[PDB]
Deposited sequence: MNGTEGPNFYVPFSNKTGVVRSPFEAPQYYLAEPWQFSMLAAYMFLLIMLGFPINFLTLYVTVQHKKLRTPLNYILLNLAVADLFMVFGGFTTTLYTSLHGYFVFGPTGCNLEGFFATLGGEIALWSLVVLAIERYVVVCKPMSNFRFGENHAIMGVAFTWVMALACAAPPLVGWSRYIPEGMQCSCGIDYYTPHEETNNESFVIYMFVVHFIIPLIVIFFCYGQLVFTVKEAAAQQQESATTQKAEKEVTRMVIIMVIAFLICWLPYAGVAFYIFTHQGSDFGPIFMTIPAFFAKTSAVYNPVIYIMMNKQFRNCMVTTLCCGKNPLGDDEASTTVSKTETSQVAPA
């Protein structure tokens, strides 16, 4: 191995010179200059300060205006809630971690960071599955109502927890990645005690490949066959934005899983891991730009 494995960590840095310390015990300045940890903290502070108001204002405007009860309005409402969970539950630990250069909260902080970021990303993915069926049902007419949308909302939480929760209780585990200031799923070690390999295959199949198969099946029909046009256009951008956000992470995660112990450094996963955290803020932005009714209501309420 070209890294350093400990009981609950894998540092992508060789301990041949003896300088590697646990990311739960001391600042990781042996693998990066302090000013680089400070950039990660400036970034996270931005995401929190931007992420909280824009998701709260999406939530506030939707509840205030009773005309926002289409299935799209419910789904965007649900995304704002999970985004708030990501900001307050996970990103506050990311900020404090990146400020101090290591996981000052110990493994409990690593679990919070990884869990809330995994949960929110999966709620967004399975939300895209719901919108793909609604668009397929309404446009093709093979009626999608409030009951269906509200059932879809509960479905996204169940699927997301089926992915985010097991690493909390012994199936795989959350481990620090990159510069050791964020946590994800353990793609790095075998660690048979927690049956790591079977979780990763289950995560990539059930909660990455299968949802994308559903989404692209439905769009395949719409391709191969005015207010609804506005909805369909927004859902196309949301699918594209999701892929830009998560594919770099997904690709590096899968490379590491199939090249365990190989020669990669700490920046390799740091950048796709922190870019993926923009997932907590981009969805309401698309909402404001591409939904005229929601934009008018936000302008009305805020002014």
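Coordinate coverage of the deposited sequence breaks at 143-146, 230-244, 323-348, these segments carrying no C-alpha atoms.
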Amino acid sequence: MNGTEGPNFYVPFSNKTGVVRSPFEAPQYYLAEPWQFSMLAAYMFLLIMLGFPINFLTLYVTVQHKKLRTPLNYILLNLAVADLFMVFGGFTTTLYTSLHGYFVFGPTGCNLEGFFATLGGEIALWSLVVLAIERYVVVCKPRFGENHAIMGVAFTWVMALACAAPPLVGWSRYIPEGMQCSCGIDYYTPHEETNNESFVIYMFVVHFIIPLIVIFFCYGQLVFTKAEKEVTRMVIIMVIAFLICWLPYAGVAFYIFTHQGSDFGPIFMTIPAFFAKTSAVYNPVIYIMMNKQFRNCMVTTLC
From here on, numbers count along this sequence of modelled residues.
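Relative to one another, 116-124 and 145-153 have unequal mean CA B-factors, and 145-153 is the one with the higher figure. Comparing the deposited coordinates for 161-169 and 68-76, the stretch with the larger average C-alpha B-factor is 68-76.
Which of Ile175, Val137, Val87, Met179 has the largest Cα B-factor in the deposited entry comes down to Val137. Among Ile185, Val231, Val205, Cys110, the highest C-alpha B-factor in the deposited entry belongs to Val231.
In the deposited entry, the Cα temperature factor of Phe294 sits in the top third of values across the chain's modelled residues.
Annotation for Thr92: CA B-factor lies in the middle third of the chain's modelled residues. Remark: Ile240 belongs to the lowest third of its chain, ranked by C-alpha B-factor as recorded. The entry lists a Cα temperature factor for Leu31 that places it in the middle third of the chain's modelled residues. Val20: CA B factor lies in the highest third for its chain, per the PDB record.
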